Amino acid sequence: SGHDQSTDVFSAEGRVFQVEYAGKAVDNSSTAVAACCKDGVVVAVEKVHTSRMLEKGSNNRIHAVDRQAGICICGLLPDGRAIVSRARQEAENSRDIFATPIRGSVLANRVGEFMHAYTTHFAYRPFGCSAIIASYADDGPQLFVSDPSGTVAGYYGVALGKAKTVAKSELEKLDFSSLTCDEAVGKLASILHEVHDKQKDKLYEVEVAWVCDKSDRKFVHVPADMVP
Amino acid sequence: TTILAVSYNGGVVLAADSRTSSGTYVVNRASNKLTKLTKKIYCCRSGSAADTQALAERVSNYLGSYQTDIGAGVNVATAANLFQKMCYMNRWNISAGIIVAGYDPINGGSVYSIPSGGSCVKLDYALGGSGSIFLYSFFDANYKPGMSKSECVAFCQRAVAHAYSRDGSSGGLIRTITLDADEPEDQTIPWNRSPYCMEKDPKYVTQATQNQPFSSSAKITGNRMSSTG
């Protein structure tokens, strides 16, 4: 019973149950999908709306961290926004102190270090979100995923959430050497429309963002015309 | 102190005299005011040796940590910006005219003057130290941008020599270092082989006629150099 109450405690098997349980929060969350191309990177996230009466752009799961970088949050949105706020603090330390756009690999490791910090101490709990860091700084187009554990990994393509398994099957059909950001916006959105439960989550939209040569290596929401 | 850094195409030449002086006595005759921050980013240190050494060591250590953790080369802009923050934070406590100069593959050769205020100006060439004031007119007249690496080194040495010929507070060896895509080339010109000094300039061989023998004429002849004549 006491093995799993806090993240400061390893089990006998050698794992940290509270971080596994935080991970469960992401796997029960709305599906997010992303693609790293030559042109740039694309993030698409399904937002499950509880109510018919929300504004467009309510509970935005995708946030600019810097000019060149954005975090899409798959998991508990509020937790995710604490990471976005930190990712921002790191992005602005890179510009304030070192006069450089933070590199994607650096920003990701910084997000992972932060999320990990919250897995080590009894007083805090692990974050309930996987951050998807998309960047197009001087290290080129980079897509990373920090998970609740703080484990960072670079991806060509990546699915998170309750349709993680099926959305990944569809990302494996894409050729990543070939595809452009303009194709990806189409295919990533198409994937999210395909994998979505129509009977369970009636009200939803597909928030897409990118950071590509097209957008001036600036991390922005894609216009509503490209999205379908 | 005379420090300067000029840009050529590939990179930069930092140049400096070698004299630290406690006012009117030369404490060190062979100082190295060209201070490594990274492989290919040096600073030239003018003002309090204590203050610039302390900053150069602090900034070198931050740049080394930074370079380790980003797992890539450091941009000169980064070194300049760190050095500016420190030179600005402490602008009342320190006396520190810095020139950060170096190579990075993004921006090539870059020069930054960080003078006493903690301004950071990106320049084609920068002058610093007590001896800088002699060179502004020398550069205005003789400096032509788009020099070869070799011409810049020869010019930078000729510059530092012109400054340290007139500045009492400057002197000794001329240290240069070229920072570019290639391995850094330091070189040290000893004073006895300096490209210019007033002592060897034929302009200043004939002495001022100050002494002048007691004569029956207002005709200035020369200095009296013998008691018999």
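Here Cβ is always computed from backbone atoms with ideal geometry, including for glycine, and neighbour counts include all displayed protein chains. What follows is calculated from the coordinates using simple rules that are stated; it is not laboratory data.
Relative contact order (percent) for chain B, with alpha-carbon contacts under 8 angstrom and 6 or more residues of separation?
26
Is the shape of the stretch B:118-200 rounded, prolate or oblate, going by the alpha carbon gyration tensor and its root eigenvalues a ≥ b ≥ c, with a/c under 1.5 for rounded and a/b larger than b/c for prolate?
Oblate, since a/c reaches 1.5 and b/c is not below a/b.
What Kirkwood hydrodynamic radius do you get for the stretch B:1-75 when you take the inverse of the mean 1/r over all pairs of distinct Cα atoms, in Å?
In the stretch B:1-75 this quantity evaluates to 13.7 Å.
Of A:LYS164/A:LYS214; B:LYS40/B:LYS200; B:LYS122/B:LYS200; A:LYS218/B:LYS149, which ones are farther than 30 Å apart at the Cα?
B:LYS40/B:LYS200; B:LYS122/B:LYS200; A:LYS218/B:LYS149
Gap in Å between the Cα centre of the stretch A:174-221 and the Cα centre of the stretch A:28-57?
7
Can you give the angle from 0 to 90° between the axis of helix B:132-142 and the longest principal axis of chain B, with both taken from C-alpha atoms, to the nearest 10?
Between the helix axis and the principal axis of chain B, the angle is about 90 degrees.
With the alpha-carbon atoms as the only input, what is the per residue convex hull volume for the protein assembly as shown in Å³?
Per residue, the Cα convex hull of the protein assembly as shown comes to 219 Å³.
Specify whether the C-alpha gyration tensor of chain A places it in the rounded, prolate or oblate class, a ≥ b ≥ c being the square roots of the eigenvalues: rounded for a/c under 1.5, otherwise prolate if a/b is larger than b/c and oblate if not.
It is oblate, given that a/c is not under 1.5 and a/b is not larger than b/c.
Provide B:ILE133, B:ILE70 in ascending order of the number of other Cβ atoms located within 10 Å of each residue's Cβ, fewest first.
Ordered from fewest to most neighbouring Cβ atoms within 10 Å, B:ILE133, B:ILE70 come out as B:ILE133, B:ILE70.
Sort B:1-14, B:92-105, B:134-147 by packing, meaning the average of other beta carbons within 10 Å per residue, with the highest value first.
In decreasing order of mean packing, B:1-14, B:92-105, B:134-147 become B:1-14, B:92-105, B:134-147.
Dipole of chain B, Cα-centred, from +1 at each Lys and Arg C-beta and -1 at each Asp and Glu C-beta, to the nearest 20 debye?
Roughly 640 debye, rounded to the nearest 20.
What is the helix-to-structure angle for B:49-70, meaning the angle in degrees between its Cα long axis and the longest Cα principal axis of chain B, kept from 0 to 90 and rounded to the nearest 10?
30
For A:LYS47, list the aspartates and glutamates whose Cα falls under 13 Å from its own Cα; do not include residues on the same chain fewer than 8 positions away.
Straight-distance partners of A:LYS47: A:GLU55, A:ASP197, A:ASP201, A:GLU205, A:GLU207.
Could you run the Debye sum over the Cα atoms of chain B, one equal point scatterer each and no solvent, and tell me log10 of I(q)/I(0) at q = 0.13 Å⁻¹, two decimals?
Normalising to I(0) and taking log10 leaves -0.73.
Restricting to Cα pairs below 8 Å that are 6+ residues apart, what does the relative contact order work out to for chain A? Please round to a whole percent.
Dividing the mean separation by the residue count of chain A yields 30 percent.
Calculate the dipole size of the stretch A:1-115 relative to its Cα centre from +1 charges on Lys and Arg beta carbons and -1 charges on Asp and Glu beta carbons; express the result in debye to the nearest 20.
Using Cβ point charges on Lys, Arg, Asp and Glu, the stretch A:1-115 gives about 480 debye.
Only counting other Cβ atoms within 10 Å, I'd like B:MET89, A:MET115 sorted with the fewest neighbours first.
By the 10 Å Cβ count, ascending, the order reads B:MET89, A:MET115.
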